[PDB]
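See structure below.
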Amino acid sequence: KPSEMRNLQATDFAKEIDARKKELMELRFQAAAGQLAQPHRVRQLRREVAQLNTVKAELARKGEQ
RNA sequence: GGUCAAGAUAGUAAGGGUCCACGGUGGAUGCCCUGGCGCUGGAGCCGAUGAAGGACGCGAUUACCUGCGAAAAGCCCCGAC
């Protein structure tokens, strides 16, 4: 997040996936994850690079034409 | 009252039947927004920038279906609200 890459092409976000999506799969597990905690902070930030790879093949298509 | 007597013929009927009360899994009529028939008026497929429709596909479950399968209930934009 956010919609900040509406103006930034330079492969920095290239490893942005390595951020929270690295051990939130280690919170996506069964038990000791979040039942009464803040359960929602999983696939509520898993569209973290999804629906954001749009205008990424319809904007980032900027190669040379 | 009584000894004797037959004559006269009486109830129960284990079970049942003429009549009522209380009743079944089943169940139609009265009746119910979608589900069927005949129809007016319009519209009347997409097409290797690849279609009908299926198979196996996401939400702390997913199996008959909504969308979509991994960017699977949905994303540019303008817009309704």
Projecting each Cα onto the charge dipole of chain A (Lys/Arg +1, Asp/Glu -1 at the beta carbon, about the Cα centre), which of A:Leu8, A:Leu52, A:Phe29 comes out farthest on the positive side? A:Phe29
The number of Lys pairs in chain A whose alpha carbons lie under 16 Å apart, excluding pairs fewer than 8 residues apart on one chain, is 5
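Methodologically, a virtual Cβ is constructed for each residue, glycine included, from the backbone with ideal geometry; neighbour enumeration extends over all protein chains shown. FYI, it's all coordinate maths here, none of it is from the lab.
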